[PDB]
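Notes for the one structure printed next.
Please treat every number below as a calculation from the coordinates, not as lab data. Here Cβ is always computed from backbone atoms with ideal geometry, including for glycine, and neighbour counts include all displayed protein chains.
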Ligand SMILES: [Ca+2]
Ligand SMILES: [Ca+2]
Ligand SMILES: [Ca+2]
Ligand SMILES: [Ca+2]
Ligand SMILES: [Ca+2]
Ligand SMILES: [Ca+2]
Ligand SMILES: [Ca+2]
Ligand SMILES: [Ca+2]
Ligand SMILES: [Ca+2]
Ligand SMILES: [Ca+2]
Ligand SMILES: [Ca+2]
Ligand SMILES: [Ca+2]
């Protein structure tokens, strides 16, 4: 029962027809906030992990250690909480590293992850090179007897086109991927078509706030037939805007000016104070 | 010149009479935002580090590794950037650990840190036990020939009173602390009096947004005579409020709805994209 | 089946009468060597972790992060391998930290750990203060529905005597500890008596190579009735002697001089080369 | 003066004609032992770091985090100690990562490092691709105003031949590398010739204990004209042999049997006990 996110996510995917909405989180505060609000699944972003943990742009700076550490932290805030889908980029190396990444994610209670066809160093590797990554990942999840949900992501739309994306996804499905992710749709028509081309194999829609793809609402994605929808930049973007506006006020007016109900104790409560108090009180000292 | 934050902070303290304003930062995004806005010094919070890196409340959960890792990351985002003052709590153990903490902070380019009299396990240790911590810290900075600014913090006001705080600060000053921090003033009158009681030794004012102490503006603190003013919760609080409001919108309306100018590229730029592009372009491949 | 060390160790303890021999390991090489030789359980030492990962003496320098990272690494080298018992010292703080430590160890596949009565800063805490630690640990293992084996260690012999040790162990057993560890026996007679005083509750014997306690062989400990025997310094000590002798030869003779069969490939094989080759080959690229 | 390893190594290289002997170390114990014996420079191995910290073979499993953490630990055991040369492999990614690696190594007090032409995923990249790595590294050391010693390593001998190695080294020298390393000489004649072909630019000889290259003594390497000689596997190999023999004795005879003078206190002394005692005693509590 505890640390069973993979099993939980797989249940949502196989035993329900609901659109699994996963807000993009990147640290403990953002994750705890999504938990407070009752989201049924969370998504740990690579760009957010990089920006927050390393203060760097999303240019393959975060490696396995950074990603696993952030995912291990987020997925286990509540041992009985919502499953976590995490970006696994290209696996951080050759097949040995892809396998290591999947094993570490599995061990860390991560529910699933997306693995792409980009070069590790928008360019994609050959179809065969991509399948080497998928194969390594699937073999690992099978060897570990895990319900881990492997999402096959293809970034080939821009450079190779729609047909190539569909063929790559079909090939990934044959290799054992559980869900497909065609990144960067140019239109809503194209998004609905990818779903129909791969049906009944489930697809995941990646919504990038203020990105280059069209706006698709949760209701629209559900009607299109997607099974999972992740929200990249959903928390990093508003956090930045708020931090910036507040700091400008401090710089120019000499006061922080945050609404008074956002107290240190409220933040501690969002971050697990009650669980800590129960441990402390239960211990009798 | 690079990694010289301690020297820079010491210059501001000794060669100027300005009030050094340090917004409380807790991750790469918050730190990069403060940098973008031109703050002359930053403050890394313990509560924020704990909430963001660990998703936990501020109950002595973050230890040396967590604190040093976050401080090392923040202080070095720009090798030629603003100095970083970091919370060092009680030093994470006995004198061996206090010394290790100071050494690690120094090695990591941290400019200064505050060390308190709280129990490690509001209660404070004896005056002598506190001085053991200060002594260990000062000896370390001296052995390493560093300009590190050691701030002696006392949390004794609530349980022991004002006089005790003043005597503890005077004792810490004699042991080699560079700045004093009387935590949790109950009034503005009391804040101005502490400054006068320790003059000309410099004091630091810790402003806790939405906390239990009275509101003191930057102009007021400057007139009171404080030399440094740190802003606890200045970025963690508004980040939470914004993340929460956005996620409620996603949950109930199906859209994130973040102002359109907060794009992934703008976030990357705030997080060092230009520096990365210069490295990439300069390398010729 | 994978990551089931706790269940495996508990099976050995409850379903067999064998003396579980656990060599003290401290890094990947020492652990892989014990695995190569077929040991049924391993013991991760605190002194060894500190010396190897931090290059420091055993003076409460390693904290939770260091210990969990080394244990997570060792326990999972083989997902289907031998259980790992790890030192957990005093839990690295108050009950909140004791609980965090147990939870992290459990999550990391650690099979069991020893928790002591020493001060965290040979002195021991009060009986009640020690029971607060045991209580926190037991409650955590129960909340997580884990088979984790909690070993209650008492370091009270020197300062308080034998009777006090026995009463502390009995109290720990009542609080839920699974095994007792009376550290530092002064004689073999005393060791056999502790076993008889706590029978049928199982005891663990800690053999410290070149330490201050008398030499007890595996056969002797088994006859005395101990159920687990750990070997502190079993690998760190000979590694040091060998490294020293080799480096003296390099310094004075200009050659390393290591027996020729200890090749880089043999070391890689000990360290999992075959598993890596199977992943690489299976991936098809 | 403290944390000045780069300056110290550069002094040995530029102001002396001595052969700088660097034993390969991989953890705190091995490094502390080399320090105890008075070695003037140390070499942190990649294979050893991987085996010890990760328990894995040398197959690009250790990434920047692992390498920097081990190097940061080793180089700073004594702030006034011997310089550390560390393996930096291929820089762990494209130029952005090469630069990040050099910056992190510099910040961590590392004195120098070797950067190679191998593929990151014996094969080498094109000459131009290799120079991109060297360029990124050199630009970083210059931007940081560091004395860091960059060693250009070429693994091209096997697949491309001697001439190609010499041309790659000459090109690397023009880009700013400080020392060259032609890896894997097939004979002593070839080693002396490489030195003469690049004279007066200094070369480093990598001695791999029980490897595939011929045995060259320190006296011989000095006469050949090499300026630095590193000893890969010098400590990992004998540690393994000793750990194995000891564990076989424990398994088959029930006793560890380590010479009695290798006591826990002696190991603590090798690992910095005296420094810790001075901190503890000096603090007055
Ligand atoms: Ca990514
Ligand atoms: Ca639940
Ligand atoms: Ca307010
Ligand atoms: Ca604090
Ligand atoms: Ca500047
Ligand atoms: Ca928008
Ligand atoms: Ca211990
Ligand atoms: Ca097995
Ligand atoms: Ca040999
Ligand atoms: Ca290497
Ligand atoms: Ca010296
Ligand atoms: Ca012995």
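Beyond 36 Å, the tail of the calculated P(r) for chain D holds 16 percent of the Cα pairs. Counting only Cα atoms, the range B:116-162 measures 36, 17, 17 Å along its principal axes, largest extent leading. For the range C:131-237, the average shadow cast by the Cα convex hull is 7.3 nm², which is a quarter of the hull's surface. Where both bridge residues fall in the protein assembly as shown, DSSP classifies roughly 5% of the beta bridges as antiparallel.
Sorting B:265, B:21 by the number of Cβ atoms found within 10 Å of their own Cβ, with the fewest placed first, yields B:265, B:21. Counting Cβ atoms of other protein chains within 10 Å of each Cβ in A:90-99 and taking the mean gives 6.
For the range C:1-135, a Kirkwood hydrodynamic radius built from all Cα pairs, placed in the Stokes-Einstein relation at 4 °C and 1.567 mPa s, yields a translational diffusion coefficient of 85 µm²/s.
Bridges between two residues of chain C, per DSSP, are antiparallel at a rate of about 5%. Rounded to the nearest whole angstrom, the semi-axes of the ellipsoid equivalent to the range A:231-285, taken from the Cα gyration tensor as √(5λ), stand at 32, 17, 7, largest first.
Across every direction, the projection of the convex hull enclosing the Cα atoms of the range A:77-135 has a mean area of 4.6 nm². Per-peptide packing, taken as the mean over residues of other Cβ atoms within 10 Å, places B:56-62, D:150-156, C:155-161 in the sequence D:150-156, B:56-62, C:155-161 from highest down.
Counting, for every residue in D:275-282, the Cβ atoms of other protein chains within 10 Å of its Cβ and taking the mean gives 6. Along its principal axes, the range A:1-72 has C-alpha extents of 39, 24, 23 angstrom, given from the largest down.
Just so you know, the averaged projected area of the alpha carbon convex hull for the protein assembly as shown sits at 40.7 nm². I need to check one value: relative contact order of the range D:1-85, counting alpha carbon pairs closer than 8 Å and at least 6 residues apart, in percent. Relative contact order, the range D:1-85: 38 percent.
Note on C:70-82: average number of Cβ atoms from other chains within 10 Å of each residue's Cβ is 2. Inter-copy label distances at residue A:275, using a point 7 Å along Cα-to-Cβ, come to 2.8, 3.4, 3.7 nm with the shortest given first.
Look at B:1, A:164 and count the other Cβ atoms within 10 Å of each Cβ; fewest to most, that gives B:1, A:164. Label point of residue D:142 (7 Å along Cα→beta-carbon): distances to the other copies' equivalent points are 4.3, 5.2, 6.7 nm, sorted ascending. The mean of 1/r over all distinct Cα pairs in the range C:78-192, once inverted, gives the Kirkwood hydrodynamic radius of 14.3 Å. With its label point defined 7 Å out from Cα along the Cα-to-Cβ axis, residue D:176 lies at 3.8, 4.6, 5.9 nm from the matching points of the other copies, in increasing order. For the protein assembly as shown, the mean residue ellipticity at 222 nm estimated from helices alone is -14500 deg cm²/dmol, where every DSSP H run of n ≥ 4 contributes -39500 (n - 2.57) and the total is divided by all residues, rounded to the nearest 500.
Remark: B:123, D:188 ranked as B:123, D:188, counting other beta-carbon atoms within 10 Å and listing the fewest first.
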